[PDB]
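In what follows, a single structure is set out as structure tokens and then discussed.
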Amino acid sequence: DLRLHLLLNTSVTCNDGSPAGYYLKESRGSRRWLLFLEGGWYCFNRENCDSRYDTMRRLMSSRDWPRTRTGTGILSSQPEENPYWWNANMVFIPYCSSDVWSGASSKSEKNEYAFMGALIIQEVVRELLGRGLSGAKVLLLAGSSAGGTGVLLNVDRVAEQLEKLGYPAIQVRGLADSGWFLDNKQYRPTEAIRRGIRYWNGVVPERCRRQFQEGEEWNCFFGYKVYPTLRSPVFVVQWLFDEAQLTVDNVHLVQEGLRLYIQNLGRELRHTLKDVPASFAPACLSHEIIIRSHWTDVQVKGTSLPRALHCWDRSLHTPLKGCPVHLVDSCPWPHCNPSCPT
Ligand SMILES: c1cnc(Oc2ccc(-c3cc[nH]n3)cc2)nc1
Ligand SMILES: *[C@@H]1O[C@H](CO)[C@@H](O)[C@H](O)[C@H]1NC(C)=O
């Protein structure tokens, strides 16, 4: 089990002003550290944040958090469940800022809610350095859904923070699961991100900000636009027919028009990954994520995700015999890969 620690700096807060925190399980015999960002949508104005506070309050407050959590999937310490990193130091960072991990605004007279996602990550890292992170050889910043987009937005800032604090030997890397979206034509919403950024005082990586310039920072929330600006190694996991992508596209499951739409979506996603050397993109319709216990079962071209991640580790010690890292399905319809989740 992972044990809860509330941040000692109580000014780094969840939406309602309660302190943020992290769940930790240490592994004294390991110099690998996995920091996982939880997901779960976002809110972008007073009225829809108020509704989220009524029925999704654990994503806005630490008041009701439990003292422990069980690590599952990539956060499991059992080798049978986690062939990749079972002996690592494990950290789960709850998502209580509703800002896709981008915010840097405190609660005040003018702000009913605090949006501090980017500052929560920085403060967790700072407090972990005194609990053993100072001895790490690799820090893998991972996350699912809104946490996957959060990895893309924050991995280079973690790397810069550690260099400025005096820890240049720690290698910072990212693993972005289910957070790579397309600003495509709907079958029958980027405005919500644009409004959110202003409401949150959201921050994006500096090289991406300098490309798109003032008022266009929403572009940096889209993986295919922000990824080429990043310096840290990043592995991308994305279903070709992700259920959240289809939901925002107003697709709910077929005649010819919808068949062509779905096939084109898969081709567009595959195209955006052509120049991403470390990636795992199966041809499945799914909302499943990498902290589920059966994450080992899906394969692309005969290779599982735990294997691909191990091959990525080896590559960061040119392509490796029998150990691939670029795994993108080419078949054009959901479940054309037989290993897709049920
Ligand atoms: C399932 C899927 N997604 C979420 O949260 C997100 C929602 C939208 C974005 C996003 C990024 C660029 N444009 N929209 C990112 C994360 N939560 C559950
Ligand atoms: C707590 O965090 C805030 C925001 O990063 C920072 O401004 C402040 O200096 C911190 N307090 C202490 C005592 O370090």
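Quick note: residue numbers are just sequence positions, from 1. Ligands are counted one by one from 1 in listed order, and the atoms in each one are counted from 1 as well. Keep in mind that the numbers below use all heavy atoms, side chains included, and drop hydrogens, waters and symmetry copies.
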Below 4.0 Å from any atom of ligand 1, is there a heavy atom belonging to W218?
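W218 does not count as a contact of ligand 1 under the 4.0 Å cut-off.
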So which protein heavy atom does [atom] come closest to, and at what separation?
atom: atom 14 (N) of ligand 1; answer: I193 CG1, 4.0 Å
atom: atom 3 (N) of ligand 1; answer: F181 CZ, 3.8 Å
atom: atom 4 (C) of ligand 2; answer: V12 CG2, 4.3 Å
atom: atom 12 (C) of ligand 1; answer: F221 O, 3.4 Å

Quick one: sort the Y23 and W65 rings into parallel, tilted or perpendicular, breaks at 30° and 60°.
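Geometry flag for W65 against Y23: tilted rings.
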So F36 and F92, would you call those rings parallel, tilted or perpendicular, with 30° and 60° as cut-offs?
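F36 and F92: parallel rings.
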Any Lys/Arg nitrogen of [X] or [Y] sitting under 4.0 Å from an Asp/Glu carboxylate oxygen of the other?
X: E160; Y: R157; result: no
X: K225; Y: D183; result: yes
X: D313; Y: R32; result: yes
X: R270; Y: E268; result: no

At a 4.0 Å threshold, what atoms of ligand 1 neighbour a non-hydrogen atom of [X]?
X: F222; result: 12 (C), 13 (N)
X: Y42; result: 7 (C), 8 (C)
X: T149; result: 15 (C), 16 (C)

Specify whether the nearest protein heavy atom to atom 11 (N) of ligand 2 is under 4.0 angstrom away.
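Under 4.0 Å from atom 11 (N) of ligand 2, at least one protein heavy atom found.
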Below 4.0 angstrom, counting only protein heavy atoms, does anything approach atom 7 (O) of ligand 2?
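Given the 4.0 Å cut-off, atom 7 (O) of ligand 2 does not count as touching protein heavy atoms.
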N/O to N/O below 3.5 Å, does that happen between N9 and ligand 2?
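Yes; at least one N/O pair falls below 3.5 Å.
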Winner among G223, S178, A244 once heavy atoms are compared against atom 2 (C) of ligand 1:
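Checking each option, the heavy atom nearest atom 2 (C) of ligand 1 is found in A244.
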Does the gap between the ring centers of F280 and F235 come in under 6.0 Å?
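When the ring centroids of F280 and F235 are compared, they turn out to be at least 6.0 Å apart.
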Just by distance, do the side chain of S144 and the backbone of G39 share a donor-acceptor pair under 3.5 Å?
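No, the answer is negative, given that no donor and acceptor are paired below the 3.5 Å cut-off.
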If we set the cut-off at 4.0 Å for heavy atoms, which region of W41 has an atom near ligand 1: side chain, backbone, both, or neither?
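Both parts.
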Please check if any side-chain donor atom of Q211 sits under 3.5 Å from a side-chain acceptor atom of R209, or the reverse.
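No donor-acceptor contact under 3.5 Å links the two side chains.
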